[PDB]
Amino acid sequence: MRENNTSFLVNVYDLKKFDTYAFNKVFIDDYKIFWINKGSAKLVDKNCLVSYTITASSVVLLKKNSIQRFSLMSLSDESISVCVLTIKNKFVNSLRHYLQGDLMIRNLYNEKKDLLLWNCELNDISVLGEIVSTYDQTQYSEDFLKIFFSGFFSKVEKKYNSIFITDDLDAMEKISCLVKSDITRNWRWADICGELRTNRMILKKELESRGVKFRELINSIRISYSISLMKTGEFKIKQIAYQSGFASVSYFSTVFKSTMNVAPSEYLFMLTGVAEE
């Protein structure tokens, strides 16, 4: 029996005609890129107060460890499919140490942009479409894709003077890794700074730049954790809530609905296509 893909996750979601998805403080737990298959949609980035029209030749890149606030609204008179490619941590590591030589200008890039737009050449459209076409690819060696994505992320970074793939000494990565190492623990802000051996200073900068309080950040990480659990095959809402560190199903559901603008059971239906029972 062939095995699940170790480098990527592919999830496709139906965007009904003229409907809107709205995300409020969603934590991006891994690097993600997404695109629509046909038609057009309006993307409103509420972090930057910038609006974009995307088409089938656009790809939107979401930075790991960012907190996103945006909406996506279908502009088409037909159902649209949103394809979300998650790049897994094992694979991103390979990318950090792949590109030959030292890129001299990258030290003067900045980290201000967490949502990036790229208008694809058909080269890119071909490769991305084949990746998501079927669970295995086979015709795409892992090395081919490592070369492709390191070159792909390189040119997006150069369009924006911005670091997309960060080093793993990043303070926000250390925080989110620590929280997820014990997701049901009642984390306190002073405990995290203590265990990371970094005072409540450079760490506070990470909350401020994302516009969240500590308790908001923990809730956002826990929602992203619950979505990861649902993707593993866990479909019992009580188990999803408790394993993600929520005190009750009621509160999980309220936070989930505030973050994703749909109820947990609705998201489960979008994910699996199976209505309950």
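Numbering starts at 1 and follows the sequence shown.
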**Study point:** Stretch with the greater mean C-alpha B-factor as recorded in the entry, comparing 243-251 against 221-229
**Key:** 243-251
Revision key, fill the gap. Averaging the C-alpha temperature factors as deposited, the higher value of 4-12 versus 268-276 falls on 268-276
Review point. According to the deposited entry, which of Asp114, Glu173, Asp182, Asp102 has the largest Cα B-factor?
Key: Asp102
Review point. Whose CA atom has the top B-factor in the entry, of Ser79, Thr86, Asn119, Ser150?
Key: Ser79
Check your understanding: Against its chain's modelled residues, does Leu75's Cα B factor rank lowest, middle or highest third?
Key -> middle
Study note, to complete from the structure: Temperature factor at the Cα of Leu61, chain-ranked in thirds, falls in the lowest
Review point. So where's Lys158 on the chain's Cα temperature factor ranking, which third?
Key: lowest
Practice item. Using the B-factor values recorded in the entry, state whether the Cα atom of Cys48 falls in the lowest, middle or highest third among the modelled residues of its chain. Key: highest
